[PDB]
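Worksheet: the structure to be examined is printed underneath.
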Amino acid sequence: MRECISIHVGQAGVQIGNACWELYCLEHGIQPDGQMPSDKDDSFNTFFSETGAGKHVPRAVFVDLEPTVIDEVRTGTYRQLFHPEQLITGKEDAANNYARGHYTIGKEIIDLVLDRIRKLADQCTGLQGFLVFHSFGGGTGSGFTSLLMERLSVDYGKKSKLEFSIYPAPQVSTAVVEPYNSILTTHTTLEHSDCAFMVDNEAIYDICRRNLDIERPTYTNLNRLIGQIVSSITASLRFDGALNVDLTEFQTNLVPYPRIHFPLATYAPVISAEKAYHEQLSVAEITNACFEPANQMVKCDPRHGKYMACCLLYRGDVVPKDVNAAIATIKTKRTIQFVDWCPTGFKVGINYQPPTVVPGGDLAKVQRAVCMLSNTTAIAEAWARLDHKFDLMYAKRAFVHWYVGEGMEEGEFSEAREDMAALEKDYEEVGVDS
Amino acid sequence: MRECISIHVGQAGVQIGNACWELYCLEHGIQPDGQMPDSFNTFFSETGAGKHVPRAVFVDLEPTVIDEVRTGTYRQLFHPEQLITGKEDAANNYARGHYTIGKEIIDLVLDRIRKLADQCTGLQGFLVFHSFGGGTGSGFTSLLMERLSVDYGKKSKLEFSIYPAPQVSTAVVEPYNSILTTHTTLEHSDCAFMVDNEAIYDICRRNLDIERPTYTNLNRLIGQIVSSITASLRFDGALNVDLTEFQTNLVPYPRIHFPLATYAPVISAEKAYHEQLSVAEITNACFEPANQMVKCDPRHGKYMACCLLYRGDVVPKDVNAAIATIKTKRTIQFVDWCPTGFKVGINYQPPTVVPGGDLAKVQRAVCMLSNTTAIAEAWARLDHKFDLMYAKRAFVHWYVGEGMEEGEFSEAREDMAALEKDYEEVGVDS
Amino acid sequence: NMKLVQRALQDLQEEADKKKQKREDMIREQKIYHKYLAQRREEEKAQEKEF
Amino acid sequence: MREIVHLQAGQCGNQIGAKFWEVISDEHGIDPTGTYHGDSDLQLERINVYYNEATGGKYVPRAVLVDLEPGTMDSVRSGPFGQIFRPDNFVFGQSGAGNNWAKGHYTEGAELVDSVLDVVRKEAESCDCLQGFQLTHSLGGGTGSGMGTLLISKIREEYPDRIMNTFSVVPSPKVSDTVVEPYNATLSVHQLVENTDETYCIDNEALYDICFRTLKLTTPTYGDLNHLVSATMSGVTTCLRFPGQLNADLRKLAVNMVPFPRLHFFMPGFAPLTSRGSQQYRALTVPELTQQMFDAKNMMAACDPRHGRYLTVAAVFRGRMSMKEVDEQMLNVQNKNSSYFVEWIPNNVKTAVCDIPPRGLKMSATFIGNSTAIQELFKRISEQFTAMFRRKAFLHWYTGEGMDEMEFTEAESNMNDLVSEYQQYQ
Amino acid sequence: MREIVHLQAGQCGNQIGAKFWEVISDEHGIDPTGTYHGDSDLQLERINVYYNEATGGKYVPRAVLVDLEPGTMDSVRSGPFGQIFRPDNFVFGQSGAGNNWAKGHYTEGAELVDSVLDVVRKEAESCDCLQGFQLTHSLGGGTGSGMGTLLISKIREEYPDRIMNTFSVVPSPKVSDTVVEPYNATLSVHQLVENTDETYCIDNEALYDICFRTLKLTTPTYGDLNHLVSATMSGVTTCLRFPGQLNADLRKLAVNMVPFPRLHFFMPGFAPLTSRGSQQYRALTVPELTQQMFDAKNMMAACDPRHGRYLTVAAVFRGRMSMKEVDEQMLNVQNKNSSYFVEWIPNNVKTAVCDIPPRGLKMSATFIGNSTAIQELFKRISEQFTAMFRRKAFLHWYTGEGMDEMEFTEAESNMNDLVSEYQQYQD
Amino acid sequence: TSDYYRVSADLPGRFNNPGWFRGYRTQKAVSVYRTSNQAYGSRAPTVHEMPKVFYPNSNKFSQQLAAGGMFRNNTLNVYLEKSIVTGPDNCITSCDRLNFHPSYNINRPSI
Ligand SMILES: Nc1nc2c(ncn2[C@@H]2O[C@H](COP(=O)(O)OP(=O)(O)OP(=O)(O)O)[C@@H](O)[C@H]2O)c(=O)[nH]1
Ligand SMILES: Nc1nc2c(ncn2[C@@H]2O[C@H](COP(=O)(O)OP(=O)(O)OP(=O)(O)O)[C@@H](O)[C@H]2O)c(=O)[nH]1
Ligand SMILES: Nc1nc2c(ncn2[C@@H]2O[C@H](COP(=O)(O)OP(=O)(O)O)[C@@H](O)[C@H]2O)c(=O)[nH]1
Ligand SMILES: Nc1nc2c(ncn2[C@@H]2O[C@H](COP(=O)(O)OP(=O)(O)O)[C@@H](O)[C@H]2O)c(=O)[nH]1
Ligand SMILES: [Mg+2]
Ligand SMILES: [Mg+2]
C-alpha cells in the first residue's frame, strides 16, 4: 500500500538515481534482470510494481534534456530493469539557462512527463509522496524542475513532494550563470515544495577527504553517501521498526512554519574500513558525530545559529534506553544550544535493519548507524554568501541578454531578490529571542 | 571505573610514549596485534570485537619521529588518529611553538581529546609528558595548559618534566625555552615532577653496570616510575593510593608543586644475585643523593613531605620498622611544622621485567616522592645563566620576530625571582 | 522458595551464555571480513597495474 | 456476570495489550490456539469476564485494536498469541494522523469513529451485564489520544451510567520523544477530565527508573516494560474473576477513592519486583511487601509522595495471608507518617484480598493512591505548552485543519483551573 | 527483642566488617552459603540481635557499609565471606575524598548522606525494639573521619534517645601514615565528644605491640590485626546473644561507666593471648586471666596507666566460672594498686559473666576501662596540630572549599577545655 | 552464507546463497574505452555482503481485510431481557417487579 515515486532530474539526478537503485536492488535482493531469484514479504512493494510475468519495475522517472546521459542507462547493466518509457529524453539541453529550461526548451516534453506521472499515479492505489532529486546548478535541474513542481502542485492537492537538492558550493563552482540559476529557484522551493532537503558539494568533499581516507574520491563515492542517507530515510517505510516514523510524520514534526522547510542532513558514522577495526561503534558514540560541526554535510557552522528542531533515525542494534541516555547527555552542554520556545526539540526513530554494504563502496560493515536532519538558524550565512556573490555579478547587468531573449522579463530578477530578502528577514525575525 | 589519559609532547614525549606503553602491554599481557591470548580498563578501552586501544594522544611537530611508530612493531595497536603530527617545527624555539606555529594544531588535539574524554564516565586525571628543551615541548605545551584549564576546571593534570641539566646541554636557547615556561607551569600545573637527564646518566653507569647506555635505557627507567604511581589504580593493595591522595598529602602551598622523583632498588641482574634486598635495605636508597634523579642534594635543604610507593611482598610491619630508623638519623632534616611527613602505599603485585631491559626480576621496590627545599639549589644555577645570556641581548631577534612582546622576558625572570624568594621564606623555622 | 531460586539461577546462566556466544560470533565474523578486504585490495592493485 | 470490554488505541496501546493477553491466558491456562489447558477448576469458573464463547471448546478475548496505520497490526497477529483475536474486530484507518491531535479528532477521526462504534456496540449488548469498558492509550500521540478521546466522549453519551476505565501514558520531559508532544497532552486531558470515570497515570520515565535501579535489567526493551504495566492491570481486576475473602471490584474503588468528580487521576505502584541475584536474599512476607509499595522510587509516575499529601490509599493483595497482619502493618504506616496523610478523612485505608496468587509467586500486592502531587505533572506540561503557544509555533498544521486559535486558550484555562483546585484541596 | 544495626565507614571499616561478620558467623554456625549448620540449640535462640531474618532459612547481617571509593568494594564481596551480605547494603560514591576530612564533610559527603540514610532507615524500623547502633570508622582516612561525623551527627537528631557505639581508629606518633592526619583528628573529636554516648580508642601502633611480644608472629598483616579488634568488639555484646549468671547490657555497662557525659573515652584489653609454644605453659585460671590482663603491655591503645588514673573499669567474662573467684581477685587489685584508682568513687569495678566460651577456647576475659592517660593521646594530637597551624599548612585544601579558618580555632578551644576538664578530674 | 555467518533461519534462500544472482555485470579486463558510470552495478554480490537477518513487512495480510470492507451493523437489531439474579430459574427485570419460582407455603393459600 505504501508507495513513493522517484523523479530524477538532470545528469546529477540520473547518477544519483542509478546509485540509489543499485543500492535498492542489492538491499532487496533483486537481480538486475528485473526479477527476484525465484528459489526463495512486501519490502519491494514500496518502490516496485508487479507485472504479469513476475517482473519488478521501479517507480521512477529519469528525465534529463541531454541525450547522452540516458543512452548509458539504456546500454549498461540495468537496461532490463526500466520500462523504456520511464527514461524521458529531450532534444536540446537548456545550456545552463533557467530561461531556456522554463520557457522554450522544457515545454516540448512536459506533456510526456505528465502523462507518465498520470500513469504511475493510476498504478498507485494510495501514495505517500514523490521524491524529486536535482541540483540548483544546471539549467535543466533549475528550470524544468521549476515548472515541474508547479505542474505537480496544480495537478496534486496536498500530496507530499520532497525536493532533494544539491546546493551550489560557496567556493568551488563549475559555472558562471550558477547564481543566476540558483536565485531564480527560490520561488520554486518556497511554495511548490512540501519539504526541501539540500546538501553542499564542498562539505561532502571535505568529509570524503578526511574521514573515509580516500585521497582522490569522485562522484560515485559521493552518490554512495547520498544513497545511504536516502536509504536510511526510507527504511522506516520499507522495514518494521521498534519505533516507526513516516514522511508526513517527520515533515510535520520538523517544519515549524509554512515558509521554513529547509533541513540540513548529516550521517554518522562515516568511517574507514581499517579504522572500524579500531573504533567502538555505539549509539552514544555515533550521536556525537551528527552534531560535530566538522562532520556536518553543509558548509555552514551551526554554532553561529540556534537549533530549532532535530530528527534522528537510527539503524541496527539500537536501544531506546541508550538513545535517551545519549540525548540526556547532549542536552546539558552549552555548546549545543536551543531556542527558548522549543524545549523538547527532538524526534527519534529506530529500525532494526542495518544499512547494507555495496560492491565497490568505501564504507565499512556498520552495525549501528544514524541519520540526522536538523532545522537550524545556521543557513542564513550559507545563503548570504550566495547573496553577496549574485548581487556582485548582477552589478553591471551581466549575462542578461539571453534571458531577455527567450522570454523572461527583466524585473523577475528583482522579484527573486525581494523574495530572497524577505525570506532572510523571516530568518532574522525567527532568530531574535523575546 | 578508574581511568587516566596519557598525553605526551615532543620527540622526548613520543619516545617515552612508546617505552611507557611497551611496559603497559607486557604488564597486562597484550600481544602487539591488540588482542589477548578489568585491570586494563584504566588505560585501555574494549571494542565489541575485543580490541584494546591505548588511550593516549601523541602530539609532535615533526613527521620524522611519529612515522617510526606508524611503521614499527606495534603499528596496528595504536589508533591511526591518535598520533598527531605538525607540518613544520619550532626548532628549539618557545615563541615559534607558542604564538605562530602551535595554533595550527591547537584545534585538532582539542577535538581528539574530546573523543576520549567523552568516553570518560569518571576520569581521575590526565597525565602530560613534555621536555623543556624542545620547541613544541615548551611552546605548544604552554598553550596546552590554558585550554585544559578553561575546558576542564579542577581535573588533575600531573606532569613529568625534562628540566635542563646544569652543565651538559643540548642547545643554547634551551634556558630561554625553560624560563619562559616557568610562568605557565606556575599557575596551570596541578602536580609537577622533575627529572634531569644527567642524573639518570650516572645511575646507569654505576648501578646498572652498562658501559654505553642510550636513551632507550633512560626511557625504561622513567617508565618504571609512572608504573608504580598508577599501580594502585589498576591493582588492589593493602593501602591503595589515588591521584587525589598524594596531591593533597605532599603539596603544602599552591605555589609549591615541584616534588622530586626517585626509584629504588635499581640494580643489575649480576648485582641482584649477591645483594639481599629487604624493605629497609631499599627504602634507604631513596635518601642517598647518589641515587637521586635530580642533580641537587637534599642535605643542603630540608624534607618538606614524603610520599612512599611500595610494590610487591611488602609487609606493613617492615614499613613502620624502617621509618623509625630513618627518623633517628640527623643527616636528614624535617621542618618544625610538618612533624609527621610520611605517606605510604602498598601494592601486592611486583613490577614486570621487559625483554631487552636491564633491571632484573625483583620482588620489592620503592618509588619515593619527597618535596625538598633543595630545588632552589638547582633553580639558582639556571636562573643565573638565563640573565647571563640575556645580559648581552642575544637570540631575542627571533622571539621578537615571531610577534611576542619584549617585556615577556622581563616579567618571566621576575616571576621566577620572587618564586625563589617564596621558596626561601618557607625554609625559615618558627 | 526453592522453585523460585532455581528458576532465577537458570535464567541468569542462560543470559550469560547468550552474551558469550554473541561476542565469539562477532570476533569470528570481523576476522573473516577483514581477510576478504585484504584480498580485494590485492585484486584492485593488480587490475590497475595491468591497465 | 460482570463484563469488561477491552479497547486498545494506537501503537502504544497494541503493545500494552499484546503482552497483557499473554499474561492472563497463561494465568488461566489457555494455549495460543485458544483451547483450555488448566489444572484447577477455579480457573475455568470465571473466564467469561473477558472472553467470549466459540465452538470447539475455544474462547476468544473481547478486545478491539484501534490504530491509524494500515500495516501496524500485522505485528500484533504475528506474535505468539496474536492469532487468538477475532479478525472481525480489527479496526484501522487509511491515512495516518502524523502525531496530530487535530487529525485524530477532526480530519481522519470522523470517517472511522462510526466504524469503531458499531463494533463495540454489537459485542456489548450480547453480554450478560456490562460492568465496564477498559481502554489503553497514550497521551503523546495523535491516534492514541485523538481517536481515543473521540471514542470516549461518545461512549459516555451512548452509555450514560457505566464504568469507563482508561490508562493514560502521560508525556515526560526527560524521555520526551516528540516536538509537538506538549500540544497533544494539553488538549487530551481536556477530554479526559469531563467524560471519564477512571484514569491511571503511567509515565515512561518512571518505567525507566524501575528498570534502572529496582529490576536491574541491562536491556529494558519495550516488551519488558509492558510486562510491568500489565501486572498493574492484572492486579486491579483480580477480584472480578477470582473469589476472595474480602472482595473489591472496580465499582467499589471508584466510589470511595473519588470524593470530587474532577479527581480521577491516580498513581500506580507495584511491589514484588526484585533482581535475580537478590531474589534469594529477599524475604517474601506481608510486612516487607508493603515496604516496597510506599517507596517513592517504586512509583509509576513522575511525582514525589513526600512533596504531596495522600488523599486515599488502597492495596489489592494477591496471595494467601491473614487479615490482622494486613491490618496492623497498614495502620502503622498511617500512624507513623503523621504529616503526609490528610486530616479530614481519617482511616484512609482501602483493603482488597484475593486468595489466588499469580504463577511463580506466593505473595504480591498492587498500589493505587490519589495524591495532591498530581499538580506537578500538569503544571510541568503547562509551562512547556505556553512556551510553544506564545510565539504561535506549529499551528498551521492544526489551525488549517479545522479549529480556531481559541480552543487552546480555553484548554489552557481548563488546565489552569485544574491545578488550582488541586492547590486548594491540598 | 533487642537489636543493634551495624554501621561501617571508610575503607578500614570494610575489612573489619569482613572480619567481624566472619567470626560472629563462626561462633553462631553460619556457612558461606548463609544457612545454619550447628550442633547446639543455644546458638539459635538469640540470632536477631545482629542478623536480619530472610526467607529461605538464611540470615543477612544487619549492616551498612559506607565508602567513597569503589576499589575495595569488590575486594569485600569477592572474599571467602563476601557473598553473605545483601547487595543493596553496599553503597558507594563516585568521587573519593582522598584522605581529606573537608571533602567528606562539606562538599562531597553531602550528596551521599541522603542515599545512605535511606538505606539505614528502611531496615531500622523492621525490628520490634531497636537497641541501638554500632559504628567502626577510621580517623586516618577522609571518608571515615568526614562522612563518619556527618552520619553520626544526623542520626543523633533523628533518634535523640538511643544507644550508640563508636570505634575510633586514632593516629599514632610512630606509625603515622598521613601528613594531614592531625587535621582529620582534631576536627572530629569535637563532633565525637558532643554526639557520642560510648566509644573505644584503637591505635595501630598498639596492635603491632601486641603481636610482637605476646603473639610472636613475624609478619602481622592487617588480617591478624583485624582478628584482635573483632575479638574485643565481639566480647562486649555477649549478653545480648547469650544469657548467663549475671548478664549486663550496653545500657547496663554505660550507666555504671560514664559519670559525666564528656567522659566517654574508654580503654579496652583482651585476656587470652599467648603463643603456641608457650600454650602448654599457660593455665586458664581466673587469677591468670586478671594477671595477664592488668599488665600495661596488653592495652589496646596508645596510653600508659602509670601516668594516669582509673575512674571505672568494666568486666565481661566468658566461661562457666564461680562467682567468688571472680569476687576475690577483683577486691585484691583494689587493695594492692591503691594509688591508681580515684578516691571519691568506691567500688570502681562492674562485673558481668557469660556461660559459654567462644569456639576453640574455654575461658576468656575482656575489660573496658576509663583512664586519664587518654588525654596523653589528646595532648599528642593537639601539639602536632597547634604547631602546624601557625605556618598555615594545607589551608588552601580546607579554606577554599567553603569553610572559614575560625572552625579550626574553635575546635582547638573545645579540645583544650576538654583536656583541662580532664585534668581537674585527675586532681 | 551459513558456512561463515550464522543466521536466524528466517532469511530467504536468495540471502542464504548469492549464487542465484546472475544478472549482475561480470568482470572483464579493464580497457582504455571505459565509462565512469560502469562503477554502479559493476559486480555480483559475494558471500560477505548480504545481511544475515531479514525482517519483511507482510502487507497483504492486512490488505485482505482492508479490501473487503470495514465491519458494519445493518439491522442486526435484537434486545434481550436480562436479570440481575444469578439463577437461571428466576428472571427479574427492572420493569417487572415480581418474584419468580413461587413459594410452596404450607399455611397461607395462594400467596
Ligand atoms: N553533489 C553532486 N552534484 C552534482 C553531481 N553531478 C552534477 N552536479 C551538479 O550539477 C551542476 C551542473 O548541472 P549538470 O551536472 O550539468 O546537470 P543539469 O542540472 O541537468 O544541467 P544540464 O546538464 O546543463 O542540463 C553542477 O554545479 C554540480 O554541482 C553529482 O554527482 N553530485
Ligand atoms: N629525559 C629524556 N629527555 C629527552 C629524551 N630525548 C629527548 N629529550 C629532550 O628533548 C629535548 C630536545 O627536544 P625534542 O624533544 O627532541 O624535540 P621537540 O620536543 O619536538 O622540539 P623541536 O625539536 O623544536 O621540534 C632535549 O632538551 C632533551 O632534554 C629522552 O630520551 N629522555
Ligand atoms: N510505556 C510505553 N510507552 C510507549 C511504548 N511505545 C511508545 N510509547 C510512547 O508513545 C509515544 C508515541 O506514541 P505513538 O506510537 O505515536 O501513538 P499512536 O500515534 O497512537 O500510535 C512515545 O512518546 C512513547 O513515549 C511502549 O512500548 N511502552
Ligand atoms: N586498625 C586498622 N587500621 C587500618 C586498617 N586498614 C587501614 N587502617 C589504617 O587506616 C589508614 C587508611 O585509611 P583509609 O583507607 O584512607 O580510610 P578511608 O579514607 O575512610 O577509606 C591507614 O593509615 C591505616 O593505618 C585495619 O584493618 N585496621
Ligand atoms: Mg548534462
Ligand atoms: Mg617535534
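Residues 1-37, 47-439, in that order, are what chain B shows, numbered as in Swiss-Prot.
Header says: electron microscopy, 3.6 Å.
Using N, Cα and C of the backbone, Cβ positions are placed for all residues, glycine too.
The active site annotation in Swiss-Prot covers B:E254. The number of other CB atoms found within 10 A of the CB of B:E254 (active site), across every protein chain shown, is 24.
As annotated by Swiss-Prot, GTP binding site applies to B:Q11, B:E71, B:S140, B:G144, B:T145, B:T179, B:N206, B:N228. Residue density at B:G144 (GTP binding site): 26 other Cβ atoms are found within 10 A of its Cβ, drawing on all protein chains shown.
Under the heading Mg(2+) binding site, Swiss-Prot lists B:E71, citing similarity to another entry as support. Its own atom aside, the Cβ of B:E71 (GTP binding site) has 20 Cβ atoms within 10 angstroms in the protein chains shown.
Residues or ranges marked as 3'-nitrotyrosine by Swiss-Prot: B:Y282. B:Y282 (3'-nitrotyrosine) is surrounded by 9 other CB atoms, counting those within 10 A of its CB over all protein chains shown.
Annotation source Swiss-Prot lists phosphoserine at B:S439, citing similarity to another entry. Spatially close to B:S439 (phosphoserine) yet at least six residues away along the chain are B:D345, B:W346, judged by Cβ distances under 8 angstroms. In the three-state DSSP assignment, the secondary structure recorded for B:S439 (phosphoserine) is coil.
B:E254 (active site) sits 26 Å from B:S140 (GTP binding site), taking the Cα positions as reference. B:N206 (GTP binding site) falls within a helix when secondary structure is assigned with DSSP.
Listed in sequence order, the residues of the same chain lying 6 or more apart from B:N228 (GTP binding site) and placing their CB within less than 8 Å of its CB are B:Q15, B:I16, B:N18, B:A19, B:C20.
Proximity to chain E (Cβ-Cβ distance under 8 Å) holds for none of the recorded positions B:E71, B:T179, B:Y282.
Spacing of B:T145 (GTP binding site) relative to B:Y282 (3'-nitrotyrosine) is 43 Å (Cα to Cα, whole number). Checking the recorded positions B:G144, B:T179, B:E254 against ligand 2, the ones whose Cβ sits under 6 Å from it are B:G144, B:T179. All protein chains considered, the CB of B:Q11 (GTP binding site) has 20 other CB atoms within 10 Å. For ligand 6, the nearby binding-site residues are B:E71, B:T145; that is, of B:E71, B:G144, B:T145, these have a C-beta under 6 Å from one of its atoms. Residue annotation for GTP gives B:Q11, B:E71, B:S140, B:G144, B:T145, B:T179, B:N206, B:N228. The furthest Cα pair among them is separated by 22 Å.
Here the binding-site residues are B:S140, B:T145, B:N206, and the one ringed by the most other CB atoms within 10 angstroms is B:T145.
Across the fold, the C-alpha of B:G144 (GTP binding site) and the C-alpha of B:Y282 (3'-nitrotyrosine) stand 44 Å from each other. In this structure, B:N228 (GTP binding site) is part of a helix by DSSP.
Cα to Cα, B:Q11 (GTP binding site) and B:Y282 (3'-nitrotyrosine) are separated by 36 Å.
Around the Cβ of B:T179 (GTP binding site), the number of neighbouring Cβ atoms within 10 Å comes to 12. According to DSSP, B:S140 (GTP binding site) sits in a coil region rather than a helix or strand.
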